[PDB]
Structure formats: structure tokens, C-alpha cells
Amino acid sequence: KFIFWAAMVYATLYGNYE
Amino acid sequence: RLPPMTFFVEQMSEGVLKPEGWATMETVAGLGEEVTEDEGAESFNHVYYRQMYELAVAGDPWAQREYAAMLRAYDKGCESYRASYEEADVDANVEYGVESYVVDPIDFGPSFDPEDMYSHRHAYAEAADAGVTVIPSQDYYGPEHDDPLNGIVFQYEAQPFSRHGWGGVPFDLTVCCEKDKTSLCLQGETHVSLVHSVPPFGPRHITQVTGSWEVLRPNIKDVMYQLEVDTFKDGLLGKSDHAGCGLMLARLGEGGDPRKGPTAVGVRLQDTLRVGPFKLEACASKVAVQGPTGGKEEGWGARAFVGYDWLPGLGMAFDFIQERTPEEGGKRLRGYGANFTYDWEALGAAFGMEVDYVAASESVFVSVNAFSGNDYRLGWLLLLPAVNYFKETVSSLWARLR
Amino acid sequence: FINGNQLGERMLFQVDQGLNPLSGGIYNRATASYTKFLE
Amino acid sequence: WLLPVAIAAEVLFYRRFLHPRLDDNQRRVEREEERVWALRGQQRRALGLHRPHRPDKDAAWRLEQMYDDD
Amino acid sequence: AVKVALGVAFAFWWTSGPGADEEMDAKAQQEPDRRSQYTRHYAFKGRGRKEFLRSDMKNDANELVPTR
Ligand SMILES: [Mg+2]
């Protein structure tokens, strides 16, 4: 919905750095 | 037996957060000479000295100079500070004799008691410092002829894995304990902060782990565990944009065992943004709690604050919950609210106005408070309730004379 | 407090007297306590 | 019945045991204060200076209610 | 004397508005109270637990000192 996929958009793009 | 899911939704959506950082030893940062405060400089120094230590161990005379100079300032500051401890101890042994210094007793407010009947129990010698702090914890209704305080809250705070004041892992812990022969209350909370990068070595990238536990015997006979992992970074959409994500797990362990019981899983996001003259701070969350026997229950929550340049004194906030109980196709239960505040000064007084809207029951709540530290001109409105009391007195005095 | 560990003595006295001939009664309630911290 | 005997015993216990003890402790406190001001005058007599100019008794009990440092 | 007479005289006219009891029913019909300030608290006993709000957390500074 909104706070499952976009709650993993931030998780994936935080994993994209570290 | 688990708390309602609105409790978790309120707990996971409470604004834009900011984690715990490194604290610096002031005599070795800015070697000898006095300093000032700035977050980026201290964060730079902490990672800079670990880097120079690694390069100095590898060889590299330019790093060895910097690390040796830091070591010199470190030794000088440490010896100065122990000299200050010796001077303070000698001054205390001069000012009092072999006597000690005694704290103030706690003030509990007025009572129908002589108010020094038990004040001699809270005046004690200091001990000065051991690392932890204690406060007493008080209940709402105490016993009649005694002091109301029953429990003790302990607080500890440290930074364990540092090399010479260049710390690693900020850490703190808080435990409330109330023990008697009938009941037992034991609450606890711990936070651990982990720093991955600071500028100019990267962007500011910090994660934080929180754990908490709840024991309350013999009322509940189950214990409560919560764990939160949440990560923040400054950026991701533009320069200096404070974004963060996080997850939360919770359980009600049956008999104390953390392997059995109902569970709660939740995730959250935060962000800030600046478009036009509008600056907004928003956060949102979704919780997927398990019921006692019913199964999945899910909820959505969101908060927003809209800062505004022009009219820089109007505060306005918006809040939303959505509830999804079983039979989800026709039980979507929404709720949203608005809040406005403003602030004036007139007639030698400071006025503040707050307007609140709940939007399910269409009610507007207005609340104005004033404060006049100059005169009693603000009391002219006091004639409003004084008339009606008279109209409720004579009408009583008529009916009491019939 | 001699380096902690207090020494000395302490005495407390309290008297409560009812003055109403009103719903409460005529009473007199007295308490005395005595503590000695001896080496 | 015995209650007036209790009242008379409480008044007698106060007037014969509690009042002189508090009076003696207070008198020791003013003698200690006079020792303080005698030492201050002796210190300023050790130099070639003037007298310390203590305040009067009204100021003494009023400052006893309204100190900032001890 | 004049002021405390004129203020009460205006209060008599302004307080004598029509109806005067339907608004009592409107105010008391919302027996749910005004919404109260949120704090983080424990689930079992409701004692407050500490918060990390950025507008408060950005003012905080700590340091490290040697122990005795
Ligand atoms: Mg407690």
C-alpha cells in the first residue's frame, strides 16, 4: 500500500549506500 | 491482553526524530586552548583521531605527530583534572570538619500534617558521584500518615568503546524498581547508538537500537518486550534533508518466556520538505498487530506540521488514523484532526489562542489564556460568572423559603 | 554525619487536640519518639 | 475524666523540659555569631583598616529568612 | 462605583440571551473530554519514557570527564 512498499523504498535506498 | 493498536500507532508516529551522538572530552579537543560548541567539528574530530591512529600504527610520520600531540594534551588535561579533585577534597576537609554535606529534603506540597514529621528521612549525606543517578518514584494516593514515595528509578549513561576520549557506541539505561512483600514493578529501557559516517567522510548516517521490558506482578503474570531499530540519514532528496525509517517488534511473553504470545510488527517513515513558502515535517506508520484469537489487525497513522514563513507565528498541525478491523471490506474506520495556535500581546498582557478540530464529531474547541504581570485590568471579565451565581442564589433562597 | 554514618540523638513530640463540642469528638492524641545513634 | 490531667501534663512537660533546651541552643547560636564578628574585627585590626560594619538585629533575623549562600 | 455599576448593568443585558439551555446540552453532550497531550509511556503502568524529538534534541550537549 503506502507504508509497506515506501517503508521499504527508504530501507532499500539506505542499503544502497552502506 | 496486548495493548490496543492505536497505542502502537501513536507510539510509532510522533514527529521527526533525531538520535544520540558522541560527546567529546573538552580538554583534549582543541588542545589546551578554550573551545566552542559545533556538532560537525566534534563529529569530525572523533573519526579523525581513529583514522590518524590507524595511519600512525601503519607508519606515516605525519600521522604520528598528530597522534602524539593529542596524547600530550590528553596527559596534561588528565593531570590537571585530578589536581582539581585534590584541591576540592582539601577545601571540603577545611570548610567542614569530619562532617559531611547534607541534601535538601523533598517537598510534597501542603498537607494536614506538621510537614517536618518525616522530613528528616530525606536529608542524607551526598556520596557525590558514583556514575548512576537515583530518583524516588511517588504514587498518586499515598498512605495517610506517611510519605508517598515507594519506588526507585536508576539511570546510567556511558560511552564504552573509546580509545582516548574518542568514543564508540553511546549507551544509556533506565530501570524503575518497586519491591515490597505484596507486589513487584520492574520497568526498563536501553538505547544504543551506532554512527556509520559523518561529513566530510560521508553523510551523517546513524542507526539506533532501543529495547524495553515491563514486569508487573501479581497483576498481569505476563511480561512485555519491545525492540525498535531505526535509521536516519541527512539527504536522499536534497542537501540537508533529515530522512529516517524504522521497524518495531513487540511481544507479550506468557509466563515470562519470549517465545510464546501475541506479537506486534510495525514500520515507520519520517521526512521534511520545503516547497514555496511552506516548510512541512511529516511522519507516517503502519502496524500489523496480532489479536488474542482473531488474527490480523492493521492500522495507519500520520502526522504533519506545516511551518510558514509569512505570518511566522501561526502553528498548524494535522493528524490522521485509519482503522482496519476484520470484515475489512466494509469496516474502514477513519479519523483526522486539525490544530491551530496563535499568540498576541495586548493591554499589558500576553494572550495565547488554540483552536482544535476533531472532525468526527464536528466540534471546535477554543481555549484562550492570558497573563498580566502589570495590573488587574484583565479582571473586568470576572463580572461574567459572578452575576449568574447570584441568579443561582436568590433562586435557591426563594426555593429555600417556600 | 561523621563521614557518613550519623551520630547523636533525635527526639520528636506531637500532640493533636480536638476542640469541637460539630461532628468530631473531643480527643487528645499524643506521640513521642526517641532515637540514639551511638558508637 | 483524665483528659484535663493529660492536658496539664503536656503543658507542664513543655514548660519544664522543652523551652529551656531550645533557649540554650539559641543562646549558643548568638554567642557563635558574636565570635564571628569579633574575629572579623580582629582581622581588620591586624591591618590598618576600619571596622567591618555589621548590620543591626532586624536585618539579622530578616537575612536569616532570606539568604542565598548558607 | 460607576464602573462596578455599569459593568453589572451590561452583564444583566448580555447574560439574558434567548434559549440559554440548549448550549448547556450541546456542551455537556460531548462527555468525551478535550483531547489531552500525548506522551510516550509504558504499557502496563503509564510512567513516561524519554523522547527523541529533533527540535528539542538539537539543543543538547554533553561531555566526558575522568572519574575519581
Ligand atoms: Mg514506577
# chains A, B, ... in the order shown; residues from 1 in each chain; ligands from 1
>>> residues_near_ligand(ligand="ligand 1", cutoff="7 Å", atoms="only C-alpha atoms and all ligand atoms", output="PyMOL selection string")
(chain B and resi 137+151+176-178+185) or (chain E and resi 47)
>>> write_last_selection(atoms="N, CA, C and O atoms", output="CSV table (one decimal), in the first residue's frame")
chain,number,residue,atom,x,y,z
B,137,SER,N,10.4,7.5,43.1
B,137,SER,CA,9.1,7.5,42.4
B,137,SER,C,8.0,7.3,43.4
B,137,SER,O,7.9,6.5,44.2
B,151,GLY,N,9.0,3.8,45.1
B,151,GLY,CA,10.0,3.1,44.3
B,151,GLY,C,11.2,3.9,44.0
B,151,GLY,O,11.3,5.1,44.4
B,176,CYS,N,13.2,1.3,36.5
B,176,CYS,CA,12.4,1.6,37.6
B,176,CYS,C,12.0,0.3,38.4
B,176,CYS,O,11.6,-0.7,37.8
B,177,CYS,N,12.3,0.3,39.7
B,177,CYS,CA,12.0,-0.8,40.5
B,177,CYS,C,11.2,-0.4,41.8
B,177,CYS,O,11.6,0.5,42.5
B,178,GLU,N,10.1,-1.1,42.0
B,178,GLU,CA,9.3,-1.1,43.2
B,178,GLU,C,9.1,-2.5,43.8
B,178,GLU,O,8.5,-3.3,43.1
B,185,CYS,N,7.1,-4.2,40.7
B,185,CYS,CA,7.1,-3.4,39.5
B,185,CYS,C,8.5,-3.3,39.0
B,185,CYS,O,9.4,-2.9,39.8
E,47,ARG,N,4.1,5.2,33.1
E,47,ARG,CA,5.2,6.2,33.5
E,47,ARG,C,5.9,6.6,32.2
E,47,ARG,O,6.1,5.8,31.3
>>> interface_residues(of="chain C", to="chain B", cutoff="9 Å", atoms="only C-alpha atoms", output="number ranges by chain")
C: 1-6, 12, 14
>>> interface_residues(of="chain A", to="chain B", cutoff="7 Å", atoms="only C-alpha atoms", output="PyMOL selection string")
chain A and resi 3+7+10-11
>>> atom_distance(atom1="CA of residue 17 (chain D)", atom2="CA of residue 10 (chain C)")
14.9 Å
>>> select_by_dssp(residues="chain E", states="alpha helix (DSSP H)", output="PyMOL selection string")
chain E and resi 2-15+22-29+54-57
>>> residues_around(residues="residue 54 (chain E)", least_positions_apart="2", cutoff="8 Å", atoms="only C-alpha atoms", output="compact mmCIF listing (two decimals) with N, CA and C atoms, in the first residue's frame")
# COMPACT_ATOMS: atom_id res chain seq x y z
N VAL B 16 9.35 14.20 13.66
CA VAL B 16 10.67 13.97 13.10
C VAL B 16 11.65 13.83 14.26
N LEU B 17 12.33 12.68 14.33
CA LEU B 17 13.21 12.36 15.44
C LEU B 17 14.66 12.70 15.11
N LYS B 18 15.54 12.45 16.08
CA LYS B 18 16.96 12.69 15.95
C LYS B 18 17.69 11.85 16.98
N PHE E 52 12.89 11.58 21.61
CA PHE E 52 13.99 11.99 20.76
C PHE E 52 13.55 12.99 19.70
N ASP E 56 13.93 19.50 20.09
CA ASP E 56 14.47 19.50 21.44
C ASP E 56 15.84 18.86 21.52
N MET E 57 16.10 17.85 20.69
CA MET E 57 17.33 17.09 20.77
C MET E 57 18.50 17.87 20.17
N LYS E 58 18.23 18.83 19.28
CA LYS E 58 19.28 19.60 18.64
C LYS E 58 19.93 20.64 19.55
